[PDB]
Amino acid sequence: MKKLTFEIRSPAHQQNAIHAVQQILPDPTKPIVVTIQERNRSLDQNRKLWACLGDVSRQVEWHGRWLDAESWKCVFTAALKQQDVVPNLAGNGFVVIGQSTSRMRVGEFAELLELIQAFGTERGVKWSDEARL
(Lines of atoms letter the chains of each structure in order from A and count residues from 1; the text may use other names and numbers.)
(Lines give C-alpha, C1' and ligand atoms only; values in the text may rest on other atoms or scores of the structure.)
Protein backbone atom coordinates (compact mmCIF):
# COMPACT_ATOMS: atom_id res chain seq x y z
CA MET A 1 0.00 0.00 0.00
CA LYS A 2 0.82 3.76 0.49
CA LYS A 3 -2.17 5.15 2.41
CA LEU A 4 -1.73 8.22 4.62
CA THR A 5 -4.55 8.22 7.18
CA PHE A 6 -5.88 11.28 9.13
CA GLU A 7 -8.00 11.55 12.31
CA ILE A 8 -9.74 14.89 11.95
CA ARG A 9 -10.42 15.64 15.64
CA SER A 10 -9.39 19.31 15.77
CA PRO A 11 -9.84 22.08 13.18
CA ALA A 12 -6.05 22.29 12.93
CA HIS A 13 -6.12 18.59 12.07
CA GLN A 14 -8.35 19.11 9.03
CA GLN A 15 -6.38 22.21 8.12
CA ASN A 16 -3.42 19.87 7.60
CA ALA A 17 -5.64 17.38 5.79
CA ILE A 18 -6.47 20.21 3.41
CA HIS A 19 -2.72 20.74 2.90
CA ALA A 20 -2.03 17.14 1.92
CA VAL A 21 -4.86 17.23 -0.61
CA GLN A 22 -4.03 20.66 -2.01
CA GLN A 23 -0.50 19.32 -2.72
CA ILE A 24 -1.62 16.52 -5.02
CA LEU A 25 -1.00 17.20 -8.73
CA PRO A 26 -3.41 14.87 -10.62
CA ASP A 27 -2.48 12.55 -13.49
CA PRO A 28 -5.06 10.58 -15.54
CA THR A 29 -2.50 7.78 -15.44
CA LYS A 30 -1.18 7.33 -11.87
CA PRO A 31 -4.07 8.66 -9.69
CA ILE A 32 -4.17 9.53 -6.00
CA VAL A 33 -7.45 8.58 -4.31
CA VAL A 34 -8.77 10.51 -1.28
CA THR A 35 -11.56 9.11 0.88
CA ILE A 36 -13.57 10.56 3.72
CA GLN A 37 -15.48 8.13 5.95
CA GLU A 38 -16.37 7.62 9.58
CA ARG A 39 -14.44 5.22 11.81
CA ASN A 40 -15.34 1.58 12.40
CA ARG A 41 -13.53 -1.43 13.90
CA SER A 42 -13.21 -3.31 10.61
CA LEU A 43 -11.43 -0.33 9.02
CA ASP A 44 -9.45 0.34 12.16
CA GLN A 45 -8.19 -3.25 12.00
CA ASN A 46 -6.88 -2.95 8.47
CA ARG A 47 -5.27 0.35 9.34
CA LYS A 48 -3.42 -1.22 12.27
CA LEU A 49 -2.62 -4.41 10.36
CA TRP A 50 -0.95 -2.65 7.45
CA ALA A 51 0.80 -0.30 9.85
CA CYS A 52 2.61 -3.12 11.66
CA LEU A 53 3.36 -4.95 8.44
CA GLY A 54 4.95 -1.74 7.15
CA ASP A 55 7.14 -1.49 10.26
CA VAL A 56 8.19 -5.14 10.13
CA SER A 57 8.68 -4.76 6.41
CA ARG A 58 11.06 -1.81 6.72
CA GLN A 59 12.82 -3.10 9.83
CA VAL A 60 13.16 -6.89 9.68
CA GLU A 61 15.40 -8.57 7.13
CA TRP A 62 14.24 -12.06 6.24
CA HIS A 63 17.02 -14.45 5.30
CA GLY A 64 18.96 -11.95 3.18
CA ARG A 65 15.86 -10.39 1.66
CA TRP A 66 13.60 -7.47 2.45
CA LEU A 67 9.93 -8.35 2.03
CA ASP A 68 7.26 -5.71 1.42
CA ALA A 69 4.12 -5.56 3.59
CA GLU A 70 2.14 -7.90 1.32
CA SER A 71 4.86 -10.56 1.38
CA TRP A 72 5.05 -10.37 5.17
CA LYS A 73 1.24 -10.69 5.31
CA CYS A 74 1.54 -14.00 3.43
CA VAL A 75 4.31 -15.23 5.80
CA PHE A 76 2.20 -14.35 8.87
CA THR A 77 -1.19 -15.66 7.90
CA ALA A 78 0.68 -18.80 6.92
CA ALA A 79 2.00 -19.24 10.44
CA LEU A 80 -1.66 -19.49 11.35
CA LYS A 81 -3.06 -21.44 8.42
CA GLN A 82 -1.56 -23.57 5.72
CA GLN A 83 -1.68 -22.41 2.14
CA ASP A 84 -3.63 -24.15 -0.58
CA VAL A 85 -2.24 -25.66 -3.75
CA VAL A 86 -4.02 -25.88 -7.12
CA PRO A 87 -2.53 -26.74 -10.56
CA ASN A 88 -0.85 -23.98 -12.55
CA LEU A 89 -2.47 -22.92 -15.85
CA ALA A 90 0.12 -24.74 -17.93
CA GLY A 91 -0.66 -27.97 -16.08
CA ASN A 92 3.02 -28.72 -15.55
CA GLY A 93 3.41 -27.26 -12.07
CA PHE A 94 1.33 -25.70 -9.36
CA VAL A 95 0.51 -22.46 -7.62
CA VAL A 96 0.10 -21.79 -3.92
CA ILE A 97 -2.70 -19.69 -2.50
CA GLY A 98 -2.62 -18.32 1.02
CA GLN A 99 -5.74 -17.60 3.06
CA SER A 100 -7.15 -14.09 2.71
CA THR A 101 -7.44 -11.62 5.57
CA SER A 102 -10.73 -10.66 3.91
CA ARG A 103 -13.06 -13.49 4.94
CA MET A 104 -11.23 -13.63 8.25
CA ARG A 105 -13.19 -13.32 11.53
CA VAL A 106 -12.47 -10.74 14.22
CA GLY A 107 -11.39 -13.47 16.63
CA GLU A 108 -8.96 -15.01 14.16
CA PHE A 109 -7.98 -11.54 12.99
CA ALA A 110 -6.93 -10.37 16.43
CA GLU A 111 -4.79 -13.50 16.49
CA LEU A 112 -2.80 -12.43 13.42
CA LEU A 113 -2.36 -8.94 14.87
CA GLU A 114 -1.09 -10.55 18.05
CA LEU A 115 1.49 -12.64 16.17
CA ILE A 116 2.77 -9.63 14.20
CA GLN A 117 3.16 -7.47 17.32
CA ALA A 118 4.64 -10.46 19.14
CA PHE A 119 7.17 -11.16 16.35
CA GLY A 120 8.13 -7.55 15.79
CA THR A 121 8.68 -7.16 19.49
CA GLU A 122 11.07 -10.03 20.06
CA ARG A 123 12.98 -8.41 17.18
CA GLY A 124 12.66 -4.98 18.79
CA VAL A 125 10.73 -3.30 15.98
CA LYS A 126 9.83 0.41 16.34
CA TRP A 127 6.07 0.41 15.92
CA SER A 128 4.70 3.54 14.28
CA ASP A 129 1.65 5.28 15.75
CA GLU A 130 -0.86 3.94 13.27
CA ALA A 131 0.53 0.62 14.52
CA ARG A 132 0.16 1.40 18.23
CA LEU A 133 -3.55 2.06 17.46
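The numbering used is simple: start at 1 and walk along the sequence shown.
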Which has the higher mean CA temperature factor in the PDB entry, 16-24 or 111-119?
16-24
So which stretch wins on mean C-alpha B-factor, 95-103 or 70-78?
95-103
When the deposited Cα B-factors of this chain's modelled residues are ordered and cut into thirds, is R58 in the lowest, the middle or the highest one?
lowest
Chain-relative C-alpha B factor for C52 (record values, thirds): the middle
Looking at the temperature factor on the CA atom of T35, which third of the chain's modelled residues does it land in?
middle
Of the three thirds of the chain ranked by Cα temperature factor, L43 occupies the highest
